[PDB]
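Data first, discussion second: the structure below is written as structure tokens.
Here is the naming used below: chain letters follow the sequence lines, and residue numbers restart at 1 for every chain.
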Amino acid sequence: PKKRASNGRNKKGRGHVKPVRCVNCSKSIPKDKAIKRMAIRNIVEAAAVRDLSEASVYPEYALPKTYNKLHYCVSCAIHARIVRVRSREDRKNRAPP
Amino acid sequence: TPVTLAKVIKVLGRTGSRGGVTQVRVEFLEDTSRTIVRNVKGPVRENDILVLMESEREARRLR
Amino acid sequence: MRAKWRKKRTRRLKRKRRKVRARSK
Amino acid sequence: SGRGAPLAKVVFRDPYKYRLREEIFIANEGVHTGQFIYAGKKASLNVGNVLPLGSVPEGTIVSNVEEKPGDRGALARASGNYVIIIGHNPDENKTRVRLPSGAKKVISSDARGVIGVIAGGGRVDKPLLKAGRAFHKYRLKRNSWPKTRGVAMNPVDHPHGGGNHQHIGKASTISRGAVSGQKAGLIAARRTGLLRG
Amino acid sequence: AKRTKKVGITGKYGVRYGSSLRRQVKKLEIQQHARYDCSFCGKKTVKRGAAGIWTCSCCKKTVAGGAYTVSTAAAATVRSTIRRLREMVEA
Amino acid sequence: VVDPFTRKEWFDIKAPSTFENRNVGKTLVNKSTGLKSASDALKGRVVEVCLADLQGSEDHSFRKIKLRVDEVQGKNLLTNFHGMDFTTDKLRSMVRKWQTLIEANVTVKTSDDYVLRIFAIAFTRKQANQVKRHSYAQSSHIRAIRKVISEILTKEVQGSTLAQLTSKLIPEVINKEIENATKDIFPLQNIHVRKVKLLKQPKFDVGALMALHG
Amino acid sequence: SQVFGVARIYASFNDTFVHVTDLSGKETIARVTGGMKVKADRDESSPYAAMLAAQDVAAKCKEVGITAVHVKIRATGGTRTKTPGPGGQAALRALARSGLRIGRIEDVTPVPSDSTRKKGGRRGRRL
RNA sequence: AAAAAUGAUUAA
RNA sequence: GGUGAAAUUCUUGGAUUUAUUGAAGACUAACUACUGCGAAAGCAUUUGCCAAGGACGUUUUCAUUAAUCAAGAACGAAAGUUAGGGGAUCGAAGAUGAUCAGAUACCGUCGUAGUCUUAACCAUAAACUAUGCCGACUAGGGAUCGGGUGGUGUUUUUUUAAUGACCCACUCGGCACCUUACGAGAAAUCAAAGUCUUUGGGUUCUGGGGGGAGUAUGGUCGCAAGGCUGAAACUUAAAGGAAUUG
Ligand SMILES: [Mg+2]
Ligand SMILES: [Mg+2]
Ligand SMILES: [Mg+2]
Ligand SMILES: [Mg+2]
Ligand SMILES: [Mg+2]
Ligand SMILES: [Mg+2]
Ligand SMILES: [Mg+2]
Ligand SMILES: [Mg+2]
Ligand SMILES: [Mg+2]
Ligand SMILES: [Mg+2]
Ligand SMILES: [Mg+2]
């Protein structure tokens with residue numbers, strides 16, 4: 001039977017989107033379907049923030065960040081526990097939390 | 001041999017496949033602000049001193 | 001057997017039939 | 001006769017005596033009767049004009065290029081062929097070009113060329129279809145046709161001659177140091193066989 | 001009426017030389033015997049004298065061109081390249 | 001034994017005076033010897049230096065500046081402008097969802113033959129009391145904005161040659177002029193040039209750089 | 001009053017590079033990788049190997065003259081993973097351990113506007 | 001993200 | 001370098017890693033969304049030219065000119081075919097190192113054809129919303145795109161101007177969502193899959209248990225690969241859908 005009203009993706013009105021590659025396996029997946037996550041991480045770990053603050057010429061340095069859009073195929077997202085297969089009724093919930 | 005001594009101030013949890021390793025948060029005795037997380041073999045309480053051959057690694061297998 | 005492989009096997013077999021009729025004609 | 005490309009017949013005034021001088025150029029694509037041709041260092045960059053290779057930008061398409069200045073044209077003469085100007089070295093008064101064979105060459109920047117491509121291109125794209133058209137092609141050129149295969153001869157006539165079957169019988173790759181009468185086949189072949197499998 | 005289905009002008013060759021060779025010859029003979037616009041007088045009066053020679057029956061202008069067509073694609077690209085380079089040198 | 005680090009000279013770098021403090025840093029090449037030595041092998045150098053390093057103002061922490069060594073005298077490497085671009089983290093900070101990105105570009109030369117490509121970026125803005133969540137533009141505002149960017153950037157280059165082009169590029173006054181010229185079309189968040197790249201250069205012009213340095 | 005250099009930590013998987021150069025970058029100072037000190041052939045990208053490599057970096061950095069560095073952290077980039085390997089944080093950790101002073105930390109991952117179809121095939125790397 | 005094939009017939 | 005791990009490979013002929021450039025080809029991230037356009041296939045850098053289109057507005061015009069359509073036509077992803085160009089990347093075939101009982105698989109390193117383009121072919125996809133097209137009516141909301149209307153509205157300019165951008169109230173058209181079905185359905189579910197034994201708004205196409213079989217043959221198209229049309233003998237009690245418990 002049909003599992004999802006939006007089949008497995010977000011495409012109602014066009015027909016073709018474009019393929020993006022999974023970051024892990026480089027599987028070709030349509031962009032509307034790819035599980036997409038925003039990795040906004042400080043360029044230095046919390047275990048090193050104090051040290052670099054002590055070991056910086058520039059007092060109160062900016063402490064830069066890194067930004068990355070990650071595209072996962074369904075298989076890699078599940079294997080990496082990014083999505084974590086849900087129950088039937090909880091499957092409809094669209095809320096990020 | 002620059003063997004260092006550390007005092008455990010917090011026990012984090014139990015790691016290893018068989019759960020045989022413990023993760024501890026240890027400060028140093030000379031400097032009480034040089035805290036590192038380490039992997040320990042045997043049973044550990046709070047306020048125990050470890051002797052480390054090497055004093056720079058960070059223990060893995062977190063969370 | 002998978003349907004597309006059945007189709008591929010049939011297509012090869014029809015190639016062979018056409019060649020054998022080509023011998024006679 | 002015997003040339004694929006057409007020929008342009010161009011009249012210049014003699015600078016030193018009152019008369020006209022005929023010159024037989026190889027016609028470039030687009031050149032027409034009644035056209036003015038400009039030849040010299042200060043000539044414009046137009047199809048049919050004759051310019052030194054140092055007077056054109058990189059990427060210029062020229063033809064009938066001199067190997068040395070004053071030899072009156074040696075490179076890219078056959079129909080549809082051209083030389084590409086690819087670079088200049090004003091320090092040594094030299095110009096790099098790509099030749100029809102794909103070879104890279106350095107020429108004096110005073111060597112001349114004709115802007116454009118030799119007319120008559122695409123000629124070899126038409127199959128001859130029959131022996132008689134090759135016959136008429138070569139009776140205007142020289143006595144090289146038809147060709148008898150060496151393996152169809154007797155040993156007295158050719159290294160490939162003889163045998164109770166037609167076969168070469170020894171490697172057809174012949175070295176550079178072979179002497180006259182031995183150089184029949186693939187001379188100094190770096191490789192043989194169909195390229196890319 | 002329709003006299004031949006597909007051989008066209010290559011019907012003069014009958015059944016010999018092979019269909020693929022005859023089709024290859026067909027395209028080039030149609031090009032070679034076609035009439036072309038005269039860029040000088042504006043009339044459909046340009047025909048090939050010999051390979052590469054294209055003469056207008058009126059205004060008598062002769063232009064050097066391709067072996068089987070008045071202008072080759074490579075020649076058109078060459079003219080565009082020369083125009084671009086000349087205008088760049090002038091600007 | 002070779003130990004190559006014992007045959008180097010520890011030269012010093014000087015920025016051009018269209019900045020704050022001229023002190024950039026140090027370089028080192030090789031011992032000067034026969035057979036076409038490092039008298040010229042040290043010429044083609046490019047140094048990446050932060051604009052906050054060159055101006056002493058922390059809010060210029062992005063916009064890393066190229067400086068190209070052009071002539072060397074004494075223990076001194078004189079540098080000129082060679083380019084500019086934002087920091088990658090700054091770029092990825094501006095580029096966020098639920099808004100429209102406008103990226104304009106021009107290629108123009110200064111009064112002298114400093115032909116150079118000026119980029120520019122801008123993002124649509126959520127105005128006050130906006131219940132709407134995205135605030136996208138209509139692809140015609142986008143075209144009008146990009147036209148205004150191209151006009152302004154070409155206006156600012158081909159007059160106000162490279163030296164004072166840098167002097168007005170530093171205080172971020174161009175993007176303010178974009179803010180005035182485009183505020184009537186569509187509100188914007190972050191107007192910048194985001195990059196300047198030099199394409200080709202004229203004859204060496206020793207006097208220009210001895211004018212800048214000293 | 002401190003002499004500066006550039007760290008240029010390229011932390012891929014399978015390896016980590018700590019490659020200090022001058023402030024310009026044509027000439028280098030003590031390029032050492034994680035794979036020249038661990039014989040595992042698989043620990044070459046380990047944080048321990050990266051931290052050792054950074055320590056050897058600082059060891060040869062002294063008595064050469066550099067005292068502070070600007071940091072350029074790099075991933076494989078391009079069509080590949082473009083995420084920093086596990087050893088990058090450790091290498092920067094150890095460079096800051098060894099007394100070398102730190103400033104201007106930035107990422108230099110080659111990030112393409114789409115180009116050069118990624119390896120692995122359409123179905124990907126099937127494991 | 002090491003390897004892991006197979007299991008006769010009838011018998012609700 | 002590469003992997004669970006390794007080895008095929010390059011390496012003192014300086015490999016990997018820096019910096020200064022240059023060349024080539026392909027592509028167009030982030031922005032990029034339950035957003036837009038297109039008959040569909042599809043379409044994402046800027047600018048210019050060319051023609052086209054929906055929606056909206058209209059107190060303009062014709063006046064039934066329409067709906068759906070056997071026959072007949074145009075277009076039609078990818079792969080594939082012919083010839084020229086191109087040929088960076090990735091990569092059916094192939095090679096080769098692993099793993100394995102065997103691996104002519106998965107994994108790794110290379111790599112021909114292809115991938116790109118021009119001129120021609122081909123006409124097929126889970127070409128899918130697996131939901132023909134036109135028309136009418138039936139339910140409660142919040143959004144969003146395009147157009148239009150209105151304001152004891154705001155906003156950078158004049159610190160009180162068209163405008164543009166936001167807010168509020170509407171409205172027409174569109175991609176869609178949320179709740180519940182009063183209704184329908186075998187159910188999954190569905191605002192149509194409702195207005196159906198209280199069965200008739202118009203019209204095209206298709207199916208009749210599972211196989212044999214989209215096979216055989218005839219025809220027709222294609223250079224081929226193959227496409228379109230398309231049986232029978234015979235065989236068989238189930239095959240199949242949705243849901244429940246384990
Ligand atoms: Mg299912
Ligand atoms: Mg599709
Ligand atoms: Mg012969
Ligand atoms: Mg004989
Ligand atoms: Mg012999
Ligand atoms: Mg798996
Ligand atoms: Mg849009
Ligand atoms: Mg579908
Ligand atoms: Mg269907
Ligand atoms: Mg819509
Ligand atoms: Mg049936």
Exercise. From the options I/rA19, I/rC166, I/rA44, select the nucleotide whose nearest atom is closest to the side chain of A/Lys18.
Key: I/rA44
Quiz item: When the distance from CD1 of G/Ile73 to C1' of I/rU17 is rounded to whole Å, what number comes out?
Solution: 14 Å
Practice problem: Return the nearest nucleotide to the side chain of D/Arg196; candidates are I/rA113, I/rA29, I/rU47. | Solution: I/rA113
Quiz item: Quick one: does A/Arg9 reach the base of I/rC34 with a side-chain donor-acceptor pair under 3.5 Å?
Solution: no
Quiz item: Between the base of I/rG2 and the side chain of G/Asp41, is there a donor-acceptor distance below 3.5 Å?
Solution: yes
Self-check item: Atom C1', compared across I/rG200 and I/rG185: separation rounded to whole Å
Solution: 22 Å
Quiz item: Under a 3.5 Å limit on both distances, do I/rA139 and I/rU179 form a Watson-Crick or G-U wobble pair?
Solution: yes
Quiz item: Within the structure shown, what part of the strands sits under 4.0 Å from A/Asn7 by heavy-atom distance: base, sugar-phosphate, or nothing?
Solution: sugar-phosphate
Quiz item: Of the nucleotides H/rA1, I/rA26, I/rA130, which has the atom closest to the G/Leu127 side chain?
Solution: H/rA1
Practice problem: Quick one: label F/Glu179 by what it contacts on the DNA or RNA (base, sugar-phosphate, nothing), any heavy atom closer than 4.0 Å. | Solution: nothing
Quiz item: Given I/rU32, I/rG91, I/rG1, which nucleotide is nearest the side-chain atoms of G/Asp15?
Solution: I/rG1
Quiz prompt | I/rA29 base / F/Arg92 side chain donor-acceptor hit below 3.5 Å | solution = yes
Quiz item: Would I/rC90 and I/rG114 pass as a Watson-Crick or G-U wobble pair if both distances have to be under 3.5 angstrom?
Solution: yes
Quiz item: Can a side chain N or O of G/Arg125 be found less than 4.0 Å away from OP1 or OP2 on I/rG4?
Solution: yes
Quiz item: Below 4.5 Å, heavy atoms only, C-beta onward: do F/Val72 and F/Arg45 meet side chain to side chain?
Solution: no
Quiz prompt | Phosphate-side-chain proximity, E/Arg23 and I/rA120, N/O vs OP1/OP2 below 4.0 Å | solution = no
Exercise. Categorise the sugar of I/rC205 by the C1'-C2'-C3'-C4' dihedral sign as either north or south.
Key: north
Quiz item: G/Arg74 near the nucleic acid: base, sugar-phosphate alone, or nothing, with a heavy-atom cut-off under 4.0 Å?
Solution: sugar-phosphate
Quiz item: Just how far, in rounded Å, is P of I/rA30 from CH2 of F/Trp98?
Solution: 13 Å
Quiz item: Should the ring pair F/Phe62 and F/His192 be called parallel, tilted or perpendicular, given that the plane angle runs from 0 to 90° and is split at 30 and 60?
Solution: perpendicular
Exercise. Describe the nucleic acid contact of A/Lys92 in one word from base, sugar-phosphate, nothing, applying a heavy-atom distance below 4.0 Å.
Key: nothing
Quiz prompt | N/O (side chain, A/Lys11) to phosphate O (OP1/OP2, I/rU35) under 4.0 Å | solution = no
Quiz item: Just checking: is there a Watson-Crick or G-U wobble pair between I/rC228 and I/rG219, both distances under 3.5 Å?
Solution: yes
Practice problem: Please indicate whether I/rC190 is base-paired to I/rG22 in either the Watson-Crick or the G-U wobble sense, using a 3.5 Å limit on both distances. | Solution: no
Exercise. Classify the side-chain pair F/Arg68/F/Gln201 by whether it contains a donor and acceptor separated by less than 3.5 Å.
Key: yes
Self-check item: Base-pairing result for I/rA95 and I/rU109, Watson-Crick or G-U at under 3.5 Å
Solution: yes
Practice problem: For F/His141, answer base if it contacts any base atom (sugar-phosphate contacts may also be present), sugar-phosphate if it contacts only those atoms, and nothing otherwise; contact means non-hydrogen atoms under 4.0 Å. | Solution: sugar-phosphate
Quiz prompt | Proximity to the side chain of A/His71 - top-ranked nucleotide from I/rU21, I/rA15, I/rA30 | solution = I/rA30
Exercise. May I ask you to say what C/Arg18 touches in the nucleic acid, namely base, sugar-phosphate or nothing, with a heavy-atom cut-off under 4.0 Å?
Key: sugar-phosphate
Quiz item: Is any side-chain N or O of F/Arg146 under 3.5 Å from a base N or O of I/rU46, one able to act as donor and the other as acceptor?
Solution: no
Quiz item: At under 4.0 Å between heavy atoms, what does F/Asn105 touch on the DNA or RNA strands: base, sugar-phosphate, or nothing?
Solution: nothing
Practice problem: Among the candidates I/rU217, I/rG87, I/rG2, find the nucleotide nearest to the side-chain atoms of G/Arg80. | Solution: I/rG2
Quiz item: Using a cut-off of 4.0 Å on non-hydrogen atoms, how would the nucleic acid contact of G/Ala40 be classed: base, sugar-phosphate, or nothing?
Solution: sugar-phosphate
Quiz item: Is there a Watson-Crick or G-U wobble pair formed by I/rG80 and I/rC121, both distances less than 3.5 Å?
Solution: yes
Practice problem: Using a 4.0 Å heavy-atom cut-off across all strands, classify G/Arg31 as base, sugar-phosphate, or nothing. | Solution: base
Quiz item: Which part of the nucleic acid, if any, lies within contact of G/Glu44, taking any heavy atom under 4.0 Å across all strands shown: a base, the sugar-phosphate backbone alone, or nothing?
Solution: base
Quiz item: Does any donor atom in the side chain of G/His70 or G/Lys72 lie under 3.5 Å from an acceptor atom in the other side chain?
Solution: no
Quiz item: Is the phosphate of I/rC177, meaning OP1 or OP2, less than 4.0 Å from a side-chain N or O of A/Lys12?
Solution: yes
Quiz item: What's the closest nucleotide to the G/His19 side chain, out of I/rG36, I/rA165, I/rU18?
Solution: I/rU18
Quiz item: Does a Watson-Crick or G-U wobble pair link I/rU229 to I/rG218, with each of the two distances under 3.5 Å?
Solution: yes
Quiz item: Taking a pair to be Watson-Crick (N1-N3 plus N6-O4 or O6-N4) or G-U wobble (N1-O2 and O6-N3), each under 3.5 Å, are I/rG132 and I/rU203 paired?
Solution: yes
Practice problem: Calculate the interatomic distance between A/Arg94 atom CZ and I/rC177 atom P; express it in whole Å. | Solution: 9 Å
Quiz item: Under 4.0 angstrom, heavy atoms only, what part of the nucleic acid is G/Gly35 near: base, sugar-phosphate, or nothing?
Solution: nothing
Quiz item: Is there a donor N/O on one and an acceptor N/O on the other, under 3.5 Å, for the side chain of G/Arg117 and the base of I/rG91?
Solution: no
Self-check item: Any N/O donor-acceptor pair, G/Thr116 side-chain to I/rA88 base, under 3.5 Å
Solution: no
Quiz prompt | Between P of I/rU217 and CZ of C/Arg21, the distance in whole Å | solution = 5 Å
Quiz prompt | Same-atom distance (P) from I/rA176 to I/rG132, integer angstrom | solution = 15 Å
Self-check item: Presence of A/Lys31 side-chain N/O under 4.0 Å of I/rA30 phosphate oxygens OP1/OP2
Solution: yes
Quiz item: Any idea which of I/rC31, I/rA15, I/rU215 is nearest the C/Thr10 side chain?
Solution: I/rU215
Exercise. Under 4.0 Å between any heavy atoms, over every strand shown, what does C/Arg11 touch: base, sugar-phosphate, or nothing? Just pick one.
Key: sugar-phosphate
Self-check item: Short side-chain N/O contact to I/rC43 OP1/OP2 from A/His16, under 4.0 Å
Solution: yes
Quiz item: What integer number of Å spans the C1' atoms of I/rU138 and I/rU154?
Solution: 42 Å
Quiz item: If we require both distances under 3.5 Å, is I/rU189 with I/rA184 a Watson-Crick or G-U wobble pair?
Solution: yes
Quiz item: If you check the A/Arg88 side chain, which of I/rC37, I/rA243, I/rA30 turns out closest?
Solution: I/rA243
Quiz item: Is the base of I/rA127 stacked on the base of I/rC128, judged by six-membered ring centres under 5.5 Å apart and planes under 30° apart?
Solution: no
Practice problem: Name the closest nucleotide to the F/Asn129 side chain, picking from H/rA1, I/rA33, I/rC166. | Solution: I/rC166
Quiz prompt | Crowding at NZ, A/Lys36 (>12 non-hydrogen neighbours, <6.0 Å) | solution = yes
Quiz item: Sign of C1'-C2'-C3'-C4' at I/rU82: does that make it north or south?
Solution: north
Quiz item: Judged by modelled atom types alone, do G/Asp107 and G/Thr109 share a side-chain donor-acceptor pair under 3.5 Å?
Solution: no
Practice problem: Establish whether I/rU195 and I/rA136 are paired, applying the Watson-Crick or G-U wobble definition with both distances under 3.5 Å. | Solution: yes
Quiz item: Taking the six-membered ring of G/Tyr10, is the NZ or CZ of G/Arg74 close enough (under 6.0 Å from the centre) and on axis enough (within 45°)?
Solution: yes
Quiz item: Centres under 5.5 Å and planes under 30° for the six-membered rings of I/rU45 and I/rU46?
Solution: yes
Quiz item: How is F/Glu103 classified with respect to the nucleic acid when contacts are heavy atoms under 4.0 Å: base, sugar-phosphate, or nothing?
Solution: base
Exercise. Could you state the atom-to-atom distance from NZ of E/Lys6 to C1' of I/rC121 in whole Å?
Key: 13 Å
